[PDB]
Amino acid sequence: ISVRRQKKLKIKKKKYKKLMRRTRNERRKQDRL
Amino acid sequence: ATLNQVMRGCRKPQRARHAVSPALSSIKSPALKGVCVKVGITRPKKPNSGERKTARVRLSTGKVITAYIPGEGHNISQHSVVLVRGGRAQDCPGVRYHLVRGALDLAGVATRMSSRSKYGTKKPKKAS
Amino acid sequence: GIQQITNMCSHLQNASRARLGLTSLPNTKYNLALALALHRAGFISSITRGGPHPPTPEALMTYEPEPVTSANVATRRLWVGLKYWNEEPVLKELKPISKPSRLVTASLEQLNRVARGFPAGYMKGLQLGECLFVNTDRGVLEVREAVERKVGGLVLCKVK
Amino acid sequence: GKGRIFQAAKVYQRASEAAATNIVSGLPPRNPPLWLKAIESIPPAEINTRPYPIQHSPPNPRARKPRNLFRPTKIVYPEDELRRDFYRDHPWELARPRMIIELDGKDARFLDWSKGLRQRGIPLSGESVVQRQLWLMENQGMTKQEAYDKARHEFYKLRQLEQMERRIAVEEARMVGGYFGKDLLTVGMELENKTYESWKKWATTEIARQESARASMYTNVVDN
RNA sequence: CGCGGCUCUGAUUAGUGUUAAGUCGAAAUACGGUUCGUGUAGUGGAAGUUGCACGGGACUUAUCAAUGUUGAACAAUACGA
RNA sequence: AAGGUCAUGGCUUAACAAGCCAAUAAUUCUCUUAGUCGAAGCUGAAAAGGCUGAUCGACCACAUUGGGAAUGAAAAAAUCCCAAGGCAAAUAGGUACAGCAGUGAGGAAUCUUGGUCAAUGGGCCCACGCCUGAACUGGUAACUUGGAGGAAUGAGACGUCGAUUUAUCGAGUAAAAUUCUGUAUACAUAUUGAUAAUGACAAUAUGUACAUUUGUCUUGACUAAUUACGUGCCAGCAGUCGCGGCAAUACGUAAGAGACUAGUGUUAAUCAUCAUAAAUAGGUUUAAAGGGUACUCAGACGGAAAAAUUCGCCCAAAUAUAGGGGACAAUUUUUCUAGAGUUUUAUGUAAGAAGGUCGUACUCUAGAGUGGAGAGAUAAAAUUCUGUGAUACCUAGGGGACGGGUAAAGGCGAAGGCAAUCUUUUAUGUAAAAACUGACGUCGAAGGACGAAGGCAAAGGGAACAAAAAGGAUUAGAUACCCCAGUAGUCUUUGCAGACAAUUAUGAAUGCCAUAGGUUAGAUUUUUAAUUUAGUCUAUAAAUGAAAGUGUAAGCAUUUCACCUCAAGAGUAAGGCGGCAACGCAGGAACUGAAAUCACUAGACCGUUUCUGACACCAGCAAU
RNA sequence: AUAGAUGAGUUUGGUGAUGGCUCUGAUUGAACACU
Ligand SMILES: [K+]
Ligand SMILES: [K+]
Ligand SMILES: [K+]
Ligand SMILES: [K+]
Ligand SMILES: [K+]
Ligand SMILES: [K+]
Ligand SMILES: [K+]
Ligand SMILES: [K+]
Ligand SMILES: [K+]
Ligand SMILES: [K+]
Ligand SMILES: [K+]
Ligand SMILES: [Mg+2]
Ligand SMILES: [Mg+2]
Ligand SMILES: [Mg+2]
Ligand SMILES: [Mg+2]
Ligand SMILES: [Mg+2]
Ligand SMILES: [Mg+2]
Ligand SMILES: [Mg+2]
Ligand SMILES: [Mg+2]
Ligand SMILES: [Mg+2]
Ligand SMILES: [Mg+2]
Ligand SMILES: [Mg+2]
Ligand SMILES: [Mg+2]
Ligand SMILES: [Mg+2]
Ligand SMILES: [Mg+2]
Ligand SMILES: [Mg+2]
Ligand SMILES: [Mg+2]
Ligand SMILES: [Mg+2]
Ligand SMILES: [Mg+2]
Ligand SMILES: [Mg+2]
Ligand SMILES: [Mg+2]
Ligand SMILES: [Mg+2]
Ligand SMILES: [Mg+2]
Ligand SMILES: [Mg+2]
Ligand SMILES: [Mg+2]
Ligand SMILES: [Mg+2]
Ligand SMILES: [Mg+2]
Ligand SMILES: [Mg+2]
Ligand SMILES: [Mg+2]
Ligand SMILES: [Mg+2]
Ligand SMILES: [Mg+2]
Ligand SMILES: [Mg+2]
Ligand SMILES: [Mg+2]
Ligand SMILES: [Mg+2]
Ligand SMILES: [Mg+2]
Ligand SMILES: [Mg+2]
Ligand SMILES: [Mg+2]
Ligand SMILES: [Mg+2]
Ligand SMILES: [Mg+2]
Ligand SMILES: [Mg+2]
Ligand SMILES: [Mg+2]
Ligand SMILES: [Mg+2]
Ligand SMILES: [Mg+2]
Ligand SMILES: [Mg+2]
Ligand SMILES: [Mg+2]
Ligand SMILES: [Mg+2]
Ligand SMILES: [Mg+2]
Ligand SMILES: [Mg+2]
Ligand SMILES: [Mg+2]
Ligand SMILES: [Mg+2]
Ligand SMILES: [Mg+2]
Ligand SMILES: [Mg+2]
Ligand SMILES: [Mg+2]
Ligand SMILES: [Mg+2]
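Residue numbers (this note's numbering), protein chains in the order written: chain B, 2 to 34; chain V, 121 to 248; chain W, 292 to 451; chain U, -17 to 206.
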């Protein structure tokens, strides 16, 4: 995979990693960790 | 793959391709009747331009789809029973169906001369 | 086993691709059976059992190989003379059909169909120049020698 | 494959096929090239086939998986061992110039080493001792050392006469009014003089560089 | 009657797809003007950015202070661009 | 051991024994979907082809749903008993059209409430005969198939019509007209379906008579077939690519042309196209795709020369009784030494681990040391350090990590990774000779083990470095890049964790294919230098590849495991498993697209290199 | 059963590949429109 295409996976993995940190609290309240 | 890998079931069916008109392909039906939930206009995508006459139809199966109205000028409106067939509007996203012109409530193009069978237009009978 | 025949087929391809006048093979009755059929079909020039060094080129037929006993059986090898005519090897391709992972057997009516250039089973029809060698109870034979004797058996390789 | 497709070995086959029929179907073929019938019965020779090369030395019998079977082997003779022995005992025998240029390749037709070291067509050299030694060591059954001493001593007595004749030949010539030019001892020294001077100029010009650059190393440019 | 499964719905809430004509930056592609990517742990409206180790899909893109020789005289009937 | 049985079998029983099957899911359970099969139907050139599971035949199940038994030679019932809801019934206890026709409903969509038991079949009957929505026949529908649906002549009506080089090109042998035929069909006669007799209805044959429709799609390219006008990115066309923005062969109309025709188009579906899940028969360096690692159970595959057995394999089938052939295959036996191993302290070596040290620098403390105002930082500064004496130069103690040269295309280990030193301790690997075992081998799902950095947990350590937090600058703004400082963390011990560009973007292993130049550890030699074994790298040949390149392999072959099947959504969701957590393993579908993707070629560009021209710049004079 | 194996449009500035999509062939217990 070229560096141009790896940067597409790089953003998709960072957005997801960023979403789980943000919703970790409400996922801990609903017992979904 | 090796003969052992094939014997254990490595060969599986290829992932399915979505049909052009899933509401009809799912049940093997050529057409379906439906009531018009809304009759409005859709805008094509980047290359083309204009106003495409579309209709939000609630099929007899329960699905709500968007059908394209072929021809110039139509007669249907809210609460209108129309027949739906396959085929999509290529430049319109979400419009994956067509309406039949000789359908129940939708009338055929009156001032049509060429390809009358495509628009449900009776012959003028001007000669007789 | 069949693995030795598969190594004998790929080795002869590499020896003919390299335009070698001589080539050695492990000394086994199975390799000798296929070599005798290749020589009988006219694809190779000579067959001689010898040591790790090739015999004298000129006196190849009159070569006197020593008896094979347990004291030298480990160093014996089959020396094959390769042919090249019209700037082209006579034994260009040796494609195996039956492999260690699967032994392909053909019937007499399938060989009769493959001999005239029609597919049958996992085999394909023979074209101009191609040959097919079958390992039968009457020895390693050519497909046209097998249908004449009316026998089937294990298919070894297709010689282009 | 950067190389190109050379079909030089098939010029006749290709040319004879192109001349078999006519491009204008329905007419007889024209006359072929003039070279087609010349080499009609002289086909090319086989090329690119790798044979088992001549074995100038016995191949290693203990080897079980020998490599380099299609590689030419080194040519070695029983005289190689003898030449190395002689020329190592007489290094200055290599200073005598020898002409390895062939005249007609027929030197070995008049060599009968049963007579002595002096043969026809070849000069008295370290090769004569090796050939004479080999003959004695094979025919008269002498050993390597015994045959060496014999042919070696015969070789010395001949060299002595060659050096004694130069001195005497020049001494008698002057007794009857014979004069000669410069000799190597004189010519060799004159060439050293002319070359020694070139070094003197270089040294004299090269030493001035160091003494000047050395004295100027210090920054004494203030001139206090 | 209880437990479990399944279907539908749910205030509230998340993600993603599509849509030329909006807005804020300029992260990537050249040494992209802080090398870019992998993993991991932080951080910032956003692209980004920081530590630590790692990869080249970046530096083989590499091109003389050894400065380059009177290596056997001259003359003859030898030699003769 | 006994009984039972034609016979066999825990089939049955008593007494003993603890077995038997399985270990890669035998066994059990949940969810989703489905009547099964056939050259039966459709389809491909073909594959143990694919799809369907109508009409035909075979099998299975069911008769509103659920729960049951008896009768009988045999449940093989639209039977019988029971409960429930629907309809009917109330003092009853029937009914369920998935029997035929028919109605309502649902649906894009599928027909007559006919005649006869004359024919074939079946039930009852001594016989005659009775019954048969089985069946045979009439009806409805272009749903499909097959057939008919008209042939020949037709020249100046010196007429018409449309274009237009107004005189050329077409409609056009077309029409009219003329000469024939009697096709579907109508009518009539006869025969026949049927014979012991019985004809509901119709078939066939013969004779006579009749000349009766056009419809539909397309026309830019794929794809056979053109102009004119209208419209002006509007209206619209569109299977794919596309068309339309005021001189559109692509839209609408007109005419022409190209086709099929009682059909023609469109929609939906299936096969084929599609080597597009490749058993036949694919692929994974750079495009989807090689597991982080290799020791290993199961499993697959794997030497030499003989023999026994199966009779696999072949003759060779018809699921072939009985035989033959002996190469190969399976189990087994005996020998062999080429693979794989053991011994003979190899050499060489940053694999690993334990217990101790060494050193350069740094850092802290002390000597009211010497010295006496700066120092450090940066492109430049500021924050900052310093008169409580800094920087600089020393002496004496303490502390923590780190590892200069050697050093190389070098080496070691399964990989991760491993570089100061001494002792201790550990498995492989390499060279040469002998000896020894005698196929003991390779790969390997799973399980288990190991696995960089960061991270979690606990107890230490803390010099230096440094996420975070914070300050000073720069900047349009500056989280940042830079700077003054600085906590986790890095280090030690014990666990957790398992994700990496864990890379050679290339799994492991085997056989094989031509050279050259280096280099690493040995061996042999006439140890100069050659020869050779095992590694590693460079550049090539044959060849291979989309090419870049590779050429100890990305070649020729083989074995085995893993993995891939258009993009995007997505390595995401849900349920589950592991973990203290962080996260890991496993892993979709919906919605939306016709493209995503790789290597190369020539340009242009670069706050890219090196050159070449120009008052381009420098310098000078003048000017705005 | 021995004649039976076929392509086309479409990614790029361009070229060669990779890889889907669509068309070309046959068909239906089909439906719809014009007849
Ligand atoms: K890839
Ligand atoms: K019915
Ligand atoms: K009857
Ligand atoms: K295009
Ligand atoms: K037999
Ligand atoms: K047998
Ligand atoms: K590494
Ligand atoms: K710091
Ligand atoms: K700051
Ligand atoms: K080498
Ligand atoms: K290849
Ligand atoms: Mg499109
Ligand atoms: Mg028209
Ligand atoms: Mg809601
Ligand atoms: Mg950046
Ligand atoms: Mg940038
Ligand atoms: Mg950058
Ligand atoms: Mg980074
Ligand atoms: Mg910060
Ligand atoms: Mg770069
Ligand atoms: Mg590069
Ligand atoms: Mg069902
Ligand atoms: Mg019912
Ligand atoms: Mg309805
Ligand atoms: Mg009867
Ligand atoms: Mg009777
Ligand atoms: Mg008639
Ligand atoms: Mg009767
Ligand atoms: Mg055309
Ligand atoms: Mg149209
Ligand atoms: Mg048009
Ligand atoms: Mg018809
Ligand atoms: Mg790997
Ligand atoms: Mg893993
Ligand atoms: Mg990985
Ligand atoms: Mg033995
Ligand atoms: Mg032995
Ligand atoms: Mg061994
Ligand atoms: Mg050692
Ligand atoms: Mg003081
Ligand atoms: Mg002080
Ligand atoms: Mg220390
Ligand atoms: Mg070092
Ligand atoms: Mg090693
Ligand atoms: Mg192994
Ligand atoms: Mg495993
Ligand atoms: Mg760690
Ligand atoms: Mg730690
Ligand atoms: Mg702690
Ligand atoms: Mg560590
Ligand atoms: Mg662990
Ligand atoms: Mg790593
Ligand atoms: Mg593996
Ligand atoms: Mg190395
Ligand atoms: Mg190379
Ligand atoms: Mg995807
Ligand atoms: Mg999701
Ligand atoms: Mg999950
Ligand atoms: Mg995963
Ligand atoms: Mg270029
Ligand atoms: Mg100027
Ligand atoms: Mg100036
Ligand atoms: Mg002015
Ligand atoms: Mg490009």
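Idealized CB from N, CA, C, for every residue including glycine.
Cβ neighbour criterion (16 or more within 10 Å) applied to residue i
{"i": "U/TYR178", "result": "exposed"}
{"i": "W/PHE409", "result": "exposed"}
{"i": "U/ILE57", "result": "exposed"}
{"i": "W/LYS449", "result": "buried"}
{"i": "U/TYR130", "result": "buried"}
{"i": "V/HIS194", "result": "buried"}
{"i": "V/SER235", "result": "exposed"}
{"i": "V/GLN134", "result": "exposed"}
{"i": "W/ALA365", "result": "exposed"}
{"i": "V/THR241", "result": "buried"}
{"i": "W/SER389", "result": "buried"}
Beta-carbon proximity list for residue i, same chain, < 6 Å, skipping 5 on both sides
{"i": "V/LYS165", "result": "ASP211"}
{"i": "V/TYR217", "result": "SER141, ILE185, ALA187, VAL204"}
{"i": "U/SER110", "result": "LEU99"}
{"i": "W/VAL395", "result": "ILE388, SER389, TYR413, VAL446"}
Beta-carbon contacts of residue i that lie in its chain and below 8 Å, excluding the five residues immediately before and after
{"i": "U/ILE36", "result": "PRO54, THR55"}
Extent of the continuous beta strand (DSSP E) run through residue i
{"i": "W/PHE334", "result": "Counting along the chain, W/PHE334 falls outside any beta strand (DSSP E), and DSSP gives it neither H nor E."}
{"i": "W/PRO317", "result": "313 to 317"}
{"i": "V/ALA223", "result": "Note, V/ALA223: premise wrong, no beta strand (DSSP E); not H, not E."}
{"i": "W/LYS386", "result": "385 to 387"}
Cβ pair residue i, residue j closer than 9 Å
{"i": "W/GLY444", "j": "W/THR427", "result": "yes"}
{"i": "W/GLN295", "j": "W/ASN322", "result": "yes"}
{"i": "V/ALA175", "j": "V/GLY191", "result": "no"}
{"i": "W/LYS451", "j": "W/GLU384", "result": "yes"}
{"i": "U/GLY103", "j": "U/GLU75", "result": "no"}
{"i": "W/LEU351", "j": "W/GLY372", "result": "yes"}
Neighbourhood of residue i by C-beta, 7 Å cutoff - its chain only, sequence neighbours within 5 removed
{"i": "U/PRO11", "result": "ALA1, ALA2, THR3, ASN4"}
{"i": "W/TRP370", "result": "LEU313, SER315, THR339, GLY341, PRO345, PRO346"}
Segment limits, alpha helix (DSSP H) that includes residue i
{"i": "U/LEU167", "result": "166 to 197"}
{"i": "U/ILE104", "result": "Careful: U/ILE104 lies outside any alpha helix (DSSP H) and carries neither H nor E."}
{"i": "U/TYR(-6)", "result": "-7 to 0"}
Taking beta-carbon pairs under 7 Å, can you tell me which members of the region 328 to 354 of chain W lie near chain U? Within the region 328 to 354 of chain W, the residues whose Cβ lies closer than 7 Å to any Cβ of chain U are, in chain order, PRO343, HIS344, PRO345, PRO348.
Closer than 8 Å, Cβ to any Cβ of chain U: which residues of the region 294 to 328 of chain W, in chain order? Flagged, chain order: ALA309, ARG310, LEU311, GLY312, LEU313.
Taking Cβ-Cβ distances below 8 Å as the criterion, which residues of the region 21 to 32 of chain U are in contact with chain W? Residues passing the 8 Å Cβ filter: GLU28, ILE29, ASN30, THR31, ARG32.
Using a beta-carbon distance cut-off of less than 7 Å, what residues from the region 374 to 389 of chain W approach chain U? Residues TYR375, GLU378.
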